[PDB]
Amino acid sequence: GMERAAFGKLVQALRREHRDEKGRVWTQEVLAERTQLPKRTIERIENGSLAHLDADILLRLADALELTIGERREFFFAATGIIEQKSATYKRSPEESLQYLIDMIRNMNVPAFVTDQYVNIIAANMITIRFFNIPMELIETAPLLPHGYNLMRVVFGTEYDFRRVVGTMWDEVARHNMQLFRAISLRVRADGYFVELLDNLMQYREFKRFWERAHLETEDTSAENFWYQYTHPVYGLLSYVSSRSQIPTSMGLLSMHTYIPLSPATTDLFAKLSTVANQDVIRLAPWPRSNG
């Protein structure tokens, strides 16, 4: 769950991601109109001065804001989730939590990487780098861009041609990654850094295209594994499943992404890539991003 003021700032950020029929940013009046609610109610929700948020209001807001199935789930929980009297306790500190995920992906002989609350890539083992054949210059120049290490920059960016790698599977893979991005980021949409991140991602024509279409999907894949099956332009026929595990920290969530091989040729490819040089993890986006 969330405090009323934080939830209010979330509604404001979600509203401001929209443009009406005349291309204007949605005002409180427009959100009021689309939800058939009084402007004062939208005003009180956004200021966090409304103690109780009933189901009709929340459903009207989720419907008007055209949230994805994954976003609806996160949005409703941010509004109705019971906050405990005692603050959450964690076995490991944020630093020990990331180090624990790094120590684990270092020991895997399959591609594995870590993302945070903005879906920025925090760390990756060298098997991931070798598998995706990421130019080392693109890693070197990622600190110079606000969206430089974002998973959406890899999938939808112009510098690395991910569409070429997955080929005919592009629509499916881009749809799934858009669903993941939108459901994971839902809780941090009012963050100044997220607003900046979204504006940079919106400069990519293909990101915008999949973003505006995302709510039309009737099937949710954001909380599920994706089974990749395609002819890779250089590795040939591959078959593998990507899994995402989440861990909570006092500085926001951490996600671990792993790719399990599902064919002898994919098994052999991952085994060859784990052999090359040795087991190592490359540090990418700094974490926590704003450590305080």
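Heads up: residue numbers just count along the shown sequence, starting at 1.
The stretch 74 to 82 shows the higher mean C-alpha B-factor when 148 to 156 is compared against 74 to 82 in the entry.
Just going by the entry, 48 to 56 versus 34 to 42 on mean CA temperature factor gives the higher value to 48 to 56. Of the candidates 122, 101, 174, 88, the deposited coordinates give 88 the top C-alpha B factor. Per the PDB record, 140 has a higher Cα B-factor than any other of 191, 140, 116, 206. Looking at the C-alpha B-factors along this chain, the one for residue 20 belongs to the middle third. Sort the modelled residues of the chain by CA B factor and residue 277 lands in the highest third. Annotation for residue 108: CA B-factor lies in the lowest third of the chain's modelled residues. In the PDB entry, a CA B factor belonging to the lowest third of its chain's modelled residues is recorded for residue 264. In the PDB entry, a CA B factor belonging to the lowest third of its chain's modelled residues is recorded for residue 181.
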